[PDB]
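A.B. asks: An experimental structure, sequence included, is below.
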Amino acid sequence: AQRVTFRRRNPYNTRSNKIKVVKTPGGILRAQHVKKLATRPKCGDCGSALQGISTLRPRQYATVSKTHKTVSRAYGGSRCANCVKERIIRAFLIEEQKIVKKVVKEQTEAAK
Amino acid sequence: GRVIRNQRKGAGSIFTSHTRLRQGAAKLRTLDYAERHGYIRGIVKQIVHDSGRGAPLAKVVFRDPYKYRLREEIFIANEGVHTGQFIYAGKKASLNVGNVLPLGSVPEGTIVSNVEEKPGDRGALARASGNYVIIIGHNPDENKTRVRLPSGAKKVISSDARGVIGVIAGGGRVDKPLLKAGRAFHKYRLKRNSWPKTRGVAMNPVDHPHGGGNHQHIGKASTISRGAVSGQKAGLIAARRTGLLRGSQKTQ
Amino acid sequence: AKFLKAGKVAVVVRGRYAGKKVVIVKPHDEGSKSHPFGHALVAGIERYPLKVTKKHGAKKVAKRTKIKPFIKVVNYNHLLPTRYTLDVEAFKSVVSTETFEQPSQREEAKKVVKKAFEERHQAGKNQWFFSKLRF
Amino acid sequence: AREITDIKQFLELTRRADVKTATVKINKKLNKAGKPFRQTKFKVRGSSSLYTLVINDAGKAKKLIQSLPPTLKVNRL
RNA sequence: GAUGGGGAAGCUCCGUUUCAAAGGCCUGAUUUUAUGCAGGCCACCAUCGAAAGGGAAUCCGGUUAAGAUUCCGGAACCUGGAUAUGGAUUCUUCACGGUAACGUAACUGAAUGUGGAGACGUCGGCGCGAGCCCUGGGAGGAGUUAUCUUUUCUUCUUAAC
RNA sequence: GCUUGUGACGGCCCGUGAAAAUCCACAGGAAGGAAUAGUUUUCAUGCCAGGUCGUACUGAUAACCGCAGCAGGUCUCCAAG
RNA sequence: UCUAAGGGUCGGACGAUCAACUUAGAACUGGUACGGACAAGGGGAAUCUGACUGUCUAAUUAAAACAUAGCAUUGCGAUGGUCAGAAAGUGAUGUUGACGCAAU
């Protein structure tokens, strides 16, 4: 039965004027404006939430230690482990089959 | 009387196209040495809905021949094409669905989409959900190919004009009744201010030729000379005939 | 048939050393206590040698060809077995179950594998293995 | 802001430099069994954080008050 | 909505990357100098247009006749700029560990490229949080008490970081 | 339970439901780097600065618009038994 | 005023502990009253007419008028149809292309 007010001239229930309610040490109820929630950085070749990488709003990553926004593998943020595991394989297998794609057409060159 | 509705459209205003949500515009690659002489392989990264246009788009990306970077074009997607698909473009590209070949490089029978009207214009003909053009024959008396357009008409364009093998995707969208005004509302909402439509016959004379009253009716042939002046062209425009047919085929 | 051998070269396909070339040196096909699974004692590079042009100076070349090594226990499943093969003799010794635990021993090992590898790369006996594999 | 627990690393803080003042608070708290004992908090105002060290053993506490630099403005109570 | 332009007797109309020679970012040379220059990449590119859209960062207590997320007290955070000490790194020069998902107090990185966040509809049930609502014991204060009720009311709070 | 926030799902479309500033990251390896000594400010700590304009109050059966202290009109948030 | 049924948690077909209200039934009772105030559909048979939901004459007309989905006709392959402008290196449709745009 205690009621509250926005603490900033914006009187409309928009996304940036989200509000929380807090009991203060005064023993009094008060609004407190709440920032909008962050989202998980996503993996840039499958779109999945990057494991190990922190979840701040974008400018916050400039106030954060590097360990918070990478992991220790080829493609720290960027891509997603199963996607670098696929990635290496695909590299190796093709570069191999190149050599072959190559040698095999050099054989059928002599055959002519 | 008053400027009629159909004349007010020319002025843009309330009648321009609703385009905020549109993806980019849909085009072939710009025609380069790659495509003029060989082929160039892109992948289709995503395929995507475009507001106002049933028929989905393919966002397909290619390497840049003259600079180290990637280049994304926006194709119209062609039914069967699928993310992770390689897309080959140009004179030497092989006859698979999804590729883009010069008309002059495909056999008679081949069916294609998004075909250029002049080589290099980046795609003009057969672009809407479901459509395509058929190559009927070729004529190396100047590099020309003769085709069939979705409308019925045959047209002869340059064998250098490119098409993409296959039909435009988006099925038979029109096969489903719209059912309720609201569906048309949302329909035209992503297109343009053309809906609902008041009949001229329910307007007064100031507003339209149909206009006057005492009983609703047109009072003169609704069949207008092509040379009539704007203000007067409402109805059936240079109608070579009028009335119910049951027609069944076109021009062949 | 049964390849997993003494001097097989393979690509680490997971974790930190993901993407890098190595040679198995002690196969342990059976499960270890800690390590209850098919695994292999390997040694590959961690920082490859850099490229070398005619235009390169004296000690530049001497610098552009240092090689940071590494040694790992690694699950067979985190390996891309290759058709290529590299002789394991000079390090054969330094790399055993022993050298794991006690950092210094892992350390003295790397000291040796590095001398060996840098050696191998001069007068290019065995190449390929010295290039990055790019993805 | 911060709480400190290494009674030693505390002691470096008490000299440190930027640390002109500090304070000793005393609470009449009570343990899990519930017997009135003497908790004593050592607050140290550094430039940009307030490191408060909490000592529950009354013995070691009343000792440590005589281990602060004599050139630090300890506010008592 | 200016501009190279094109119409118009003209007030001006059209056009906005447009049929245009449309820039400026690093730093070497030079240490006559902080500076003209030698490198060089990248640029179909005015601007105005949101006090409800997007967006760097603050909270609680106290205070006035009238101001307060603005003053006071205390406790923070962001941005730009300076910088030194510590720590980390290296004779295997640009860190280790973990099979792996990944871990971390850090762990050089120009051009160029590429990816992500900014970033997005509506309805429904289901799960969870917060505040609120109801409520037992107890420590206080108020109320009623001809008669009854271990009773009725009420205080028991915790901010950003 | 109420109000709100939020998640993992599901229904809907011939509707599939902005943009730019801005911030980070990866790929790349130009280049700069130690042994009597250098590298490094995406780790901790420390120094400095943060301008201009608005900021009262009403917000409606009397502070706005309807000649007015007009039974009309005028956008929103909070919500007890 | 009673009866019965519908959960949770923890110890091995029971055993301990915590916690809700809701539902069906039965007896008793009254000046036969009880959704006791508040709240809250009258129903049926037909004819004319418009399919429906939607719309308009702000201040005398809300309707059977307008819309609509559905049906049909007409023009156009871009050197184009329809429309704009005094003129233009001018403009709408058009980020379009006949499963489209335009006109009835």
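C.D. replies: Yep, it's here. Residues are numbered from 1 along each chain as shown, chains lettered A, B, ... in the order given.
A.B. asks: Show the contacting residues for the spatially most central residue of chain A.
C.D. replies: Centroid check for chain A by C-alpha atoms, centre = their mean gives residue A:41 as the closest residue, at 1.1 Å. Contacts for residue A:41 (C-beta atoms under 8 Å, 6 or more residues apart in numbering or on different chains) come out as A:49-50, A:53, A:55, A:69, A:77. (C-beta placed from N, C-alpha, C; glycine too.)
A.B. asks: And it, how far from chain C?
C.D. replies: Between residue A:41 and chain C the computed distance is 20 Å (C-beta to the nearest C-beta, to the nearest Å).
A.B. asks: re earlier: CSV please, covering the contacts of residue A:41 and showing distance to residue B:57.
C.D. replies: Shown next, in CSV, are the contacts of residue A:41 (distance: C-beta to C-beta, whole Å):
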residue, distance to residue B:57
A:49, 27
A:50, 28
A:53, 31
A:55, 32
A:69, 33
A:77, 29
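A.B. asks: among these, which ones are buried?
C.D. replies: For those, a neighbour count by 16 or more other C-beta atoms under 10 Å in any protein chain shown gives the buried set as A:50, A:53, A:69, A:77.
A.B. asks: okay, among the residues you listed, which ones form the most distant pair?
C.D. replies: Based on C-beta to C-beta, the longest span within the buried ones among the contacts of residue A:41 runs between A:50 and A:69 and measures 9.3 Å.
A.B. asks: Any buried residues in the longest helix anywhere in chain D, and which?
C.D. replies: Assignment by DSSP state H gives helix D:7-15 as the longest helix of chain D. For helix D:7-15, burial by neighbour count (16+ other C-beta under 10 Å) applies to D:10, D:13-14.
A.B. asks: which one of those residues is nearest RNA strand G?
C.D. replies: Proximity of these to RNA strand G (C-beta to the nearest atom of the strand) peaks at residue D:10, which lies at 43.6 Å.
A.B. asks: Strands along the chain, start to end?
C.D. replies: You didn't say which chain, so I picked chain A. Counting by DSSP state E, chain A has strands at residues A:19-23, A:29-33.
A.B. asks: Please refer instead to chain B.
C.D. replies: For chain B, the strands defined by DSSP E cover B:40-50, B:53-63, B:70-76, B:86-89, B:100-102, B:111-113, B:133-139, B:144-148, B:154-158, B:162-165.
A.B. asks: just the helices in the chain please.
C.D. replies: Just going to use chain A. Going by DSSP H, chain A shows helices at A:82-110.
A.B. asks: The intended chain is chain C.
C.D. replies: Taking DSSP H as the criterion, chain C carries its helices at C:58-63, C:89-92, C:103-121.
A.B. asks: In CSV: the ones you listed, plus mean neighbour count and distance to RNA strand G.
C.D. replies: Formatted as CSV, those follow (neighbours: other C-beta atoms under 10 Å in any protein chain shown; distance: least, C-beta to the nearest atom of the strand, whole Å):
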stretch, mean neighbour count, distance to RNA strand G
helix C:58-63, 10, 53
helix C:89-92, 15, 55
helix C:103-121, 16, 44
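A.B. asks: What about residue 94, how many residues nearby?
C.D. replies: Defaulting to chain A. 12 (other C-beta atoms under 10 Å in any protein chain shown).
A.B. asks: hmm, I had chain C in mind actually
C.D. replies: 20.
A.B. asks: how near is it to residue C:23?
C.D. replies: Distance of residue C:94 to residue C:23, computed by C-beta to C-beta, to the nearest Å: 13 Å.
A.B. asks: What of residue C:126?
C.D. replies: Applying C-beta to C-beta, the value for residue C:126 to residue C:23 is 10 Å.
A.B. asks: Those two: which is more packed in?
C.D. replies: For residue C:126 versus residue C:23, neighbours defined as other C-beta under 10 Å are more numerous around residue C:23 (26 against 15).
A.B. asks: So the more buried one is in contact with residue C:44, correct?
C.D. replies: Yes. Counting by C-beta atoms under 8 Å, residue C:44 is a contact partner of residue C:23 at 6.8 Å.
A.B. asks: list the contacts for residue 46?
C.D. replies: Looking at chain A here, since you left the chain open. By C-beta under 8 Å, 6+ apart, the residues touching residue A:46 are A:79-80, A:82-83.
A.B. asks: I was after chain C.
C.D. replies: When contacts are counted by C-beta under 8 Å, 6+ apart, residue C:46 touches C:17, C:20, C:68-70.
A.B. asks: same thing but 10 Å
C.D. replies: Neighbour list for residue C:46: C:16-17, C:20, C:22, C:67-72, C:110 [criterion: C-beta atoms under 10 Å, 6 or more residues apart in numbering or on different chains].
A.B. asks: returning to what we had before: any idea how far the residue nearest to the centre of chain A is from RNA strand E?
C.D. replies: As for residue A:41, its distance to RNA strand E is 4 Å (criterion: C-beta to the nearest atom of the strand, to the nearest Å).
A.B. asks: From residue C:9, how far off is residue C:25?
C.D. replies: Taken as C-beta to C-beta, the span from residue C:25 to residue C:9 is 11 Å.
A.B. asks: more neighbours, the two?
C.D. replies: Taking other C-beta under 10 Å, residue C:25 and residue C:9 do not tie; residue C:25 has more neighbours (24 against 21).
A.B. asks: how about that one, what does it touch?
C.D. replies: Counting by C-beta under 10 Å, 6+ apart, residue C:25 makes contact with C:5-8, C:40-43, C:71, C:86, C:88-89, C:91-96, C:113.
A.B. asks: Check residue D:41 too.
C.D. replies: Going by C-beta under 10 Å, 6+ apart, residue D:41 touches D:3, D:23-27, D:52-55, D:61.
A.B. asks: which of those sit farthest apart?
C.D. replies: The two members of those with the most space between them (C-beta to C-beta) are D:3 and D:26, at 17.4 Å.
A.B. asks: Pick out whichever of these two has more residues nearby.
C.D. replies: Set residue D:3 next to residue D:26 and count neighbours by other C-beta under 10 Å: residue D:26 wins out with 13 against 10.
A.B. asks: can you pull up the bridge partners for that one?
C.D. replies: On the basis of DSSP bridges, residue D:26 is bridged to residue D:40.
A.B. asks: List the contacts of the single nearest residue of chain A relative to RNA strand G.
C.D. replies: Closest to RNA strand G within chain A is residue A:1: 21.4 Å, counting by C-beta to the nearest atom of the strand. For residue A:1, the contact set (C-beta under 10 Å, 6+ apart) comprises residue A:29.
A.B. asks: So which of the contacts of residue C:46 wins on neighbours?
C.D. replies: residue C:22 (28 neighbours).
A.B. asks: Tell me which residues touch the residue lying closest to it once chain neighbours are set aside, please.
C.D. replies: Excluding its sequence neighbours, the residue lying closest to residue C:22 (C-beta to C-beta, 6 or more residues apart in numbering or on different chains) is residue C:44, at 3.0 Å. Listed by C-beta under 10 Å, 6+ apart, the contact partners of residue C:44 are C:9-12, C:17, C:20-24, C:69-72, C:74, C:86, C:113, C:117, C:129.
A.B. asks: do residue B:213 as well
C.D. replies: Counted by C-beta under 10 Å, 6+ apart, residue B:213 has contacts B:201-205, B:219.
A.B. asks: In chain D, what residue spans correspond to helices?
C.D. replies: Along chain D, counting by DSSP H, helices occupy D:7-15, D:58-64.
A.B. asks: closest one to residue B:66 among the ones you listed?
C.D. replies: Nearest to residue B:66, of all the helices of chain D, is helix D:7-15, at 61.3 Å by C-beta to C-beta.
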